[PDB]
Each structure stands twice: as structure tokens, then as C-alpha cells.
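Below you'll find only one chain, the form deposited in one PDB entry, shown as C-alpha cells.
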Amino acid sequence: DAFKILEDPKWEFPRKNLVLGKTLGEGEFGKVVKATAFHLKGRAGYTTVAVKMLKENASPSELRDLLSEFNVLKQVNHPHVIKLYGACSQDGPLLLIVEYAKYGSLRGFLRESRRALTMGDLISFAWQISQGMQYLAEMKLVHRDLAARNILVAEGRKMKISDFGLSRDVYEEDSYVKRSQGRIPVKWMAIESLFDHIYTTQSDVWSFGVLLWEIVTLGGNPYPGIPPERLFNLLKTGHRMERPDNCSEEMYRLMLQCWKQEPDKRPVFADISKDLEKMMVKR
């Protein structure tokens, strides 16, 4: 029975210690509300947090993605990865108590700033995300849904990689796994994911390339008006997005390297973090 949730004493939090507040956002993803949690992870007072829960019209696959995000979050801990604090899994709706990111998504944050942001700010955002990705790749995780919509902006404009429900291990550990087919946005999928359903740390690098383009265009829309079929044929014949305005030559070069046809010819996240750090310190 996939509806039965086994309690994890390490993450269980009392429902009566949690004050549910205003809705931050609701969509296909579920429902996220702002909350105050009392006596969280041993501390004496209260903590402002975000709580994710199923929507009223949630389906079994939405519960499966919420449980999957919960189990991935239990394993990771990094300053540029959204932090799990606990959960209320018994005697009521499943609630995930997570780090609160006051600015919402990076896509909305960038779009709203069209708020003064410099190129330095943009490089620093990309660099923070690359450090998180680099740590996630050493944790043997393949994110699959890296995109500006799926990254949060917390206090002090700090990037927090989020949305771990579609995350996979680089080496599949289960004897039997039922894959939820075609869940990643077409425009953020690497060429090998589009043709062969292949998702590795190198396809996360291709998605990081699309994310770079989103950051540099302040939440722009990649490949405007190109249908999935034409997009796939264009990528197959070597066509890539042109250099957008307000993007340095060195930054566009890094994007092209992320979109190389051959996965092993793309840079690794450790190289990307050093590339972005040099770009930051040059100024």
C-alpha cells in the first residue's frame, strides 16, 4: 500500500507545535504555506518555516512525488540546497517543514527586477547554484528538473536548489522502479534525454546551461514559440540559442559548453564553480 507512510522518528514533528499561515503558492506541485514552528530541532523558541502539503484534489502520483521529495531531502544538507527541518506524517495530512525562502522562486525574483540587479549579482547567483549542484553530484544525485522556476531565493538573496520530487540516484538502487515518463520540461532537457530518456549529472549540466540563459535574461523564456518537434530537430542538427543581450562572451561560451552534443565533452560542476568564481573575482 503506497498510501501508508512509515514514521521516521528522526524527522517527526508535533502537529500542535506548528502554526499554519498564509499560502505562499499553490499549483500542480502541491500547496506551500508560511508557518511558525515551536521547539524545532531542539531550539528554545520558534522558527519561521514553509510547509508543503498535498492539494485537496491530490492524486496518488502527487503523494508519491511528495514522499520522494521528503526522502531525498532527508539525505542532503548544503547552504545552497533547501533544508528539511521535519515532517508531520502521522494522524493527518503529510506536512513537510522546510527552510523558508522569503523571495520565492528565482524566476519570479528575476522577473520582478526588470529591484536593481547587477551582472555581478547574476554571476553570484549562478555560482551559488553551481556549488549546490556540485555537492548534489558528489551525493550521487541527478536533479533532472534544474530551472529558475525550481530554485528559491532566501534571506540575503541566497540561492536554494529546491523541488527534489523528480530527483534520481546515478546508480538505481531498487530491484523494481516504476518510472513516471516525460515529466521534465522539454526546453530544459538535454539532447540524450529527449532521444534516449537518459538522465545523468551531465544532463543536469545541460539544464544548468538553460538556467544560465534564464539568469542572464532576468527570467526570460527559452526558445520562444518553438514546438517540441522542431526544438528536437534543431538540437539534433547542432542549433543552439544565440547570445542574448546583456551577456558576456565568456558567459555565453560556458552556456555553449553545457550544451555540447556529447555529454562527456561538457564541463563538470566542479569546473563550472571555478569558472564562475573567476568571473566574479575578475570584477
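Superpose the two forms; the largest set of C-alphas matching within 1.5 Å is the rigid core. Note that residue numbering begins at 1 and tracks the sequence as displayed.
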Point to revise | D8: gap in at least one third of other compared structures | key: yes
Here the number of deposited-sequence residues unresolved in the coordinates between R114 and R115 is 10 or more
Once average C-alpha B-factors are taken from the entry for 219-227 and 54-62, the winner is 219-227
Of 98-106 vs 124-132, the stretch with the larger average CA B-factor in the entry is 124-132
Scanning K178, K187, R149, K74 for peak Cα temperature factor in the entry gives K178
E138: C-alpha B-factor third of its chain, per the entry, is the middle
Among the modelled residues of its chain, the C-alpha B-factor of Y85 falls in the third labelled lowest
Among the modelled residues of its chain, the C-alpha B-factor of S68 falls in the third labelled lowest
Quick tally, chain-level thirds of C-alpha B-factors: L194 sits in the middle
Tertile call for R243 (CA temperature factor, within chain, third-based) is the highest
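One more form of this protein should be noted, the form deposited in another entry, which is absent from this view; the next part is about it.
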Margin query: If the two forms are fitted on the core, does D245 show a Cα displacement reaching 2 angstroms between this form and the one not shown?
Written below: no
Check your understanding: Would the C-alpha of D174 be classed as shifted by 2 Å or more between this form and the one not shown after rigid-core alignment?
Key -> yes
- Item | Rigid core fit then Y223 CA moved by 2 Å or more between this form and the one not shown | no
In the other form the CA atoms of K74 and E173, compared with here and shifted by at least 3 Å, lie farther
Cα of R179 vs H78, shift of 3 Å or more in the other form, relative to this form: the pair sits farther
